[PDB]
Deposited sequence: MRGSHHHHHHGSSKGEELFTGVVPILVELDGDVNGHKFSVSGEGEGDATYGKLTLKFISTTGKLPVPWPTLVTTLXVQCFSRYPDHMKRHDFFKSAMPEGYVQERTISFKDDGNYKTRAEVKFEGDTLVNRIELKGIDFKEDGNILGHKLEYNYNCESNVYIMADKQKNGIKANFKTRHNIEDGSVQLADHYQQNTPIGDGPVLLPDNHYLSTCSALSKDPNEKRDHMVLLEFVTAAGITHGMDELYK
């Protein structure tokens, strides 16, 4: 039933409240998703405290229901199956040789609009590390595979993946992601066979925007099953 909600272009709202090493910030995003093509277009704006971390480190936290599942894989699409009631998405993101984010989000429809509401908590970051020191390039050079498995005990899914963020000196900052999703509602959901999401992201700037912001274009396709 949920998959029928994604046959067209769907408006998206994203709202994040963050605290990283006591630095508080908030992000608001707007855009749209077209799961027929695995396509996301989103613009995010920082609305309160000076963004204490680099924009690229927030991409994965800031709607996998917009992934394109090939027809032969549609029985493996947990994300759409949980809609409209939605799912909780939780992660631990471990930055190598630095701190960690713990994120808790609720993704669901509010009327015709797909909403992602997030609380992010970061601790153990180094003052002159790549994150608090703002040493990461404004790009997303790595196309990551999100490896998904069923979690039948919790009627949901688990995932793990690595993202690699370019450092301004040419090196790379690794971020290990562990993820758990569970349905909010009491409808049946689809519990998938092992597979992955191939995720390609591109960051840009709005030349007329004076606020601290990030424009994101993303294509996401489910794969790993013939």
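Query raised in the report: What are the unmodelled segments when the structure is compared with the full deposited sequence, in sequence order?
Result: Gaps vs deposited seq, in order: 1-13, 76, 241-248.
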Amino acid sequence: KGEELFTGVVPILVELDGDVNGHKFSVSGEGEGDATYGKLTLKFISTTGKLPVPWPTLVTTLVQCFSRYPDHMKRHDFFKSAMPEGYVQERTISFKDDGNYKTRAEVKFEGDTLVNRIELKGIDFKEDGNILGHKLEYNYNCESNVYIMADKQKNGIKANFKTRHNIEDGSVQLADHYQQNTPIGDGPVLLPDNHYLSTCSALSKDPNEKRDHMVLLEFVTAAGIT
From here on, numbers count along this sequence of modelled residues.
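Query raised in the report: Out of 119-127 and 146-154, which stretch has the higher average CA B-factor listed in the record?
Result: Of 146-154 and 119-127, the stretch with the higher C-alpha B-factor average is 146-154.
Query raised in the report: Once you work out the mean C-alpha B-factor for both 69-77 and 137-145 from the entry, which is higher?
Result: The stretch with the larger mean CA B-factor is 137-145.
Query - Of the residues 63, 58, 189, 35, the one carrying the largest Cα B-factor as recorded - result: The listed residue with the largest C-alpha B-factor is 189.
**Report entry** Relative C-alpha B-factor of residue 11, binned into the chain's lowest, middle or highest third
**Finding:** As the PDB entry reports it, the C-alpha B-factor of residue 11 lands in the lowest third of its chain.
Query raised in the report: Among the modelled residues of its chain, does the C-alpha B-factor of residue 209 lie in the lowest, middle or highest third?
Result: CA B-factor rank for residue 209: highest third.
Query raised in the report: In terms of the chain's CA B-factor thirds, is residue 173 lowest, middle or highest?
Result: Its C-alpha B-factor, which the entry lists for residue 173, ranks in the lowest third among residues of this chain.
Query - Lowest, middle or highest third - CA B-factor, residue 27 - result: Lowest third - that is where residue 27 ends up once the chain's C-alpha B-factors are sorted.
Query raised in the report: Once the chain's modelled residues are ordered by C-alpha B factor and cut into thirds, is residue 53 in the lowest, middle or highest one?
Result: Middle third - that is where residue 53 ends up once the chain's C-alpha B-factors are sorted.
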